[PDB]
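**Q** Sharing a structure below in structure tokens format, with a few things to ask.
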Protein chains: 2
Amino acid sequence: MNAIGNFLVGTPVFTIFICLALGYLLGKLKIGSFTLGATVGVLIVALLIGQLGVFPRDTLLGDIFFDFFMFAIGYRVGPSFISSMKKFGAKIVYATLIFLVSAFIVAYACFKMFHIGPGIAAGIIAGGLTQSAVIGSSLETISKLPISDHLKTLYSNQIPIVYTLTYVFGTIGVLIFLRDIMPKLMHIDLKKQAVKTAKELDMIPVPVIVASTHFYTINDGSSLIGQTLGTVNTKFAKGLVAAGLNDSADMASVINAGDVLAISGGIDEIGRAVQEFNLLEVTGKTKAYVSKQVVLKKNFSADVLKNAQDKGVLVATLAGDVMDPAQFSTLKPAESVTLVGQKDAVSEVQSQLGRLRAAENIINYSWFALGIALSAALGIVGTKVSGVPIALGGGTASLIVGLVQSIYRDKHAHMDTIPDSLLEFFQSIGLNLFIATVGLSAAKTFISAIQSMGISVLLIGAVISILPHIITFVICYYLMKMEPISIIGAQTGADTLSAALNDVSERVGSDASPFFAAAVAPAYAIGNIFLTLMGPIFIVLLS
Amino acid sequence: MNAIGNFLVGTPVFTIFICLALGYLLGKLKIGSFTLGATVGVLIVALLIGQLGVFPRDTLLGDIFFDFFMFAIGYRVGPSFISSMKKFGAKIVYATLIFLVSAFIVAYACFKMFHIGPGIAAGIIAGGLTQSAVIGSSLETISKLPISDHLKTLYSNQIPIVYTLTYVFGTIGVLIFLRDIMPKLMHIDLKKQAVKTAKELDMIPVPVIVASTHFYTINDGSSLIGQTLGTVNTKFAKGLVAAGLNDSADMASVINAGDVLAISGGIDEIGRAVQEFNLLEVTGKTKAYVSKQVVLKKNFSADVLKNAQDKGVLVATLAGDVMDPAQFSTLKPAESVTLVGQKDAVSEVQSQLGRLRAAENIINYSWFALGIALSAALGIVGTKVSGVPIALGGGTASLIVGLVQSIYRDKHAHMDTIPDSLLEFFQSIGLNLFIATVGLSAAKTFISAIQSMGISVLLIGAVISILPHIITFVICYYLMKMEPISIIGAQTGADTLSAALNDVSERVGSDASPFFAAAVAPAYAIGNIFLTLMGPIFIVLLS
Ligand SMILES: N[C@@H](CC(=O)O)C(=O)O
Ligand SMILES: N[C@@H](CC(=O)O)C(=O)O
């Protein structure tokens, strides 16, 4: 009975990664009509495990794995923010401002009416308004602010316990309220209304067809044998070209017998070409005919574009698509494009068109590390407001750093892009690891604190977690008469619920997912910054 | 001058992630004809940075980020190990055994001839034989073994300093020796000889063609209008089927006008079909006609396979390819396969064929965490040999756990697969972070130790890093007369050099990369286990 606790305290890695394994299973368990979720399951399992031992809490591991989560969230939100700012109106920002004001007023009123101490107030804020940087910011503010030392220790110790108590209700309750109750009240379907609104706007994604090189070989005795390749290419419709016979690129090489054309262009265009003149579609074996993407120079000469069209290299954008010849003159200078053709001829046109680009798969670890370092440096800075040393915080600055990096990489393509699955791994495991560490830390005195303050730490959290959403929903839908889905988006962005974001995104469908992302993106940054700042101000005010 | 040090010691995240950013740039700097590399650049930058402050070392962060690296390496090596054991001979294992014996003899002789103390001996082993778990295993062994307390502190403190000194020469020197000097001595080219040997064997990868659904629409008045769909499907050659008109699947629906066939099969087969009867290749817009992968049941009925061939569902393996009908009877029971067809008809055949499978992109975080926990638990176990409490170690057990998990997931496909870029991120950043932490730790007393022991800690490391490779190369090539490339593979696997592995793999070409991986894979596990065990034995013997 003691040996198991000795083993658990001896090996922290086993404890941390065994409080993270069973949590996902508990979250994926289906009980009744609600699923607990990964974070809540991890918190419950950590709370149960932590009773056995006296495990302490490591600050650096949690800080790093939370900075990774914040950077991943900022990177994912990045591209949608500027698009929502351009196209969606300011009502998205206005809803967040209303929600923040309402939460401030309700929290102040409840804390004043119940005389809640500053430590419990910080815990209730950090739990009901689901933000994790509040714990660290409040600890730093409590350390800086002048009080008795015993008061400092008590206030610093009481925060994680109240955090773990109220976090349990916040995620599940607000998820249920924003996923079922509000759609039932508005008498809409989440899929249908969002699809209709996305159809009204132009957020609906449009698929892009990419040209490819298909190796059609010649039918012998087709009566077209004996025509020069340049005239055959001019015979092809707009957007077509033949790379050349075998792996060679020669202007005047008439058809001999059964040789390959390697037609490049759009699928329907190749189809009409085949119906114009029959050809054998053969898989072929050649590694020379490969496309390449290259960033252009500032001069971005178009005469070389015409000469490459004559030469046998199809022009396409970075995504890959045939484009109008009139776009040659009015192209964007120094814009990366993709071309298909011969092994070295594409490189020749590249040398005459611009510097070589870089592949998507490779990752700039130097840029990753520099982003993390700049996030920490930005979080260092802080100002004082009437004796309150407020600071941006470590996690909050990472969101801004990721946003700026994504926006700047969208324009300037010199830097490479982080793979998609890496971001999902980052956010998921980082958030669950931070939650597991906190829950393992605050576990021994859990039962003592739930004996000391039973109902005056859960009902307050429930009220502060539910009431502002109801007020802002009523104001937005009944009085101001906004659109249906943007209300959900703005509320779930202001409350900073990534689980609710993901659940509504997966329920709504892939068609309107770039709509919901645009609805949520402007809210997240303002909500995070103001909720991070709310903590120290509340501690100072109730103190 | 003091403020910068105060900032650096105040914020460990900034220091750790700023000693990791400049390191990659320094490694990618081109000086002369050699590149320093990421790990060596990080060590140099960490050593320069650590002079300013008094930063301590965190054990948990390094342990976790090294366990991730070891798990990623084991997962990548996994599939090749059993294939190399089956096809490559036992000479691969024999070369590693010879190398380990030679390294043991040379190290014992040098340490006895120079009376090197046990701590310096552990450091020299951990540096010259590039293995990082030696530090932790030696620290644990020194803690357990009975000596005077001052001796314990001195021996524990001297290890990282000697480690950082000799690690610099090991990677660069052995990389140069195994990449240029040995090919010059054997008078071979790394690309050509490996390609020839892979052609002699059957390690050469073979590309696989996957069938797809192409929506050919009907030419009006083609004289084939008015034939039932079943007879048209039987008219199609072996390996072809038409899903059905529009998005429907009806057996008797004659061609009306300009309707789509949605031909499915191999590209060349569709080409001969189009030449048999002309069709318009149109991109089309339909989301119903999507393929699915499903794991089969044990009964794996083949009558339903024939009925699905009649029905209009093409049969393919998980990779995706047309397969012979005679393979229907002799298929593997409960083997996952992929089918193309209608939105729900594929699900019908699935219901009659087996349980639904899972997608590639999704990751089982529960399996990841359980693997890490089992790695720690396996590393806990240990035995005693004449008073030496040897143990497997934390990092070493992770390699075995990853190997077993990859091998078991290859057979049983219920568990999902980790994405590829995640493994590369894991190994790279984890190894560089551990190296940065160690270098930042052992920096203040670096100059004092290089004043105390100048030349008697570098020449010994160079000799122990160079000489065993020369001996084993001479024995393998001149006396035993082995094959050329397997010598390089076995030596680079026995020395456990991931940088050398990656560099030779990228230089050799993608064609022979699954050959070099098979040549290196058997060596790595035995080398890691024996090099991890070598440390405590050496400490006890020289003590
Ligand atoms: N999405 C939330 C998760 C949490 O609070 O733990 C946040 O980043 O604030
Ligand atoms: N590939 C080496 C790297 C190192 O020693 O740091 C190893 O895992 O042992």
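Just so it is clear, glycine is given a Cβ too, placed from its N, Cα and C backbone atoms.
Annotated transmembrane segment per Swiss-Prot: B:4-26, B:33-55, B:88-110, B:117-139, B:159-178, B:362-381, B:385-407, B:428-450, B:455-477, B:520-542, in sequence order, evidence recorded as sequence analysis.
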**Q** In the same chain, which residue numbers or ranges, 6 or more beyond the ends of the transmembrane segment (B:117-139), come under 8 angstroms Cβ to Cβ?
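**A** Long-range Cβ neighbours of the transmembrane segment (B:117-139): 63, 66, 103, 107, 111, 154-167, 169-171, 174, 391, 393-396, 434, 438, 453, 457, 460-462, 464-465, 495-497, 528, 531-532, 534-536, 538-539, 542-543.
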**Q** Under a Cβ pair cut-off of under 8 Å, which of the recorded stretches B:4-26, B:33-55, B:88-110, B:385-407 contacts the transmembrane segment (B:455-477) most often?
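**A** The stretch with the most contacts is B:88-110.
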**Q** Six or more residues beyond either end and a Cβ under 8 Å away: which residues meet both conditions relative to the transmembrane segment (B:520-542)?
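**A** Contacts of the transmembrane segment (B:520-542) (Cβ under 8 Å, skipping residues fewer than 6 from its ends): 73, 77, 80-81, 84-85, 88, 92-93, 95-97, 99-100, 104, 107-108, 111, 116-119, 121-122, 125-126, 129, 131, 133-134, 137-138, 141-142, 145, 385-390, 392-393, 395-396, 399-400, 403, 489-490, 492-496, 501.
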**Q** Assess whether the transmembrane segment (B:33-55) lies in contact with the transmembrane segment (B:385-407), where contact requires at least three Cβ pairs under 8 Å among residues 6 or more apart in sequence.
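**A** No, these stretches are not in contact.
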**Q** Which stretch from B:362-381, B:385-407, B:428-450 shares the most C-beta pairs under 8 Å with the transmembrane segment (B:4-26)?
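**A** Looking at each of B:362-381, B:385-407, B:428-450 in turn, the most contacts to the transmembrane segment (B:4-26) are made by B:428-450.
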**Q** Can you name the far-off residues of the same chain, 6+ from the ends of the transmembrane segment (B:428-450), with a Cβ under 8 Å from a Cβ of it?
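**A** Non-local partners: 15-16, 19-20, 23-24, 38-39, 42-43, 45-47, 49-51, 54-58, 61-62, 65-69, 72, 132, 135, 157-158, 160-165, 167, 498.
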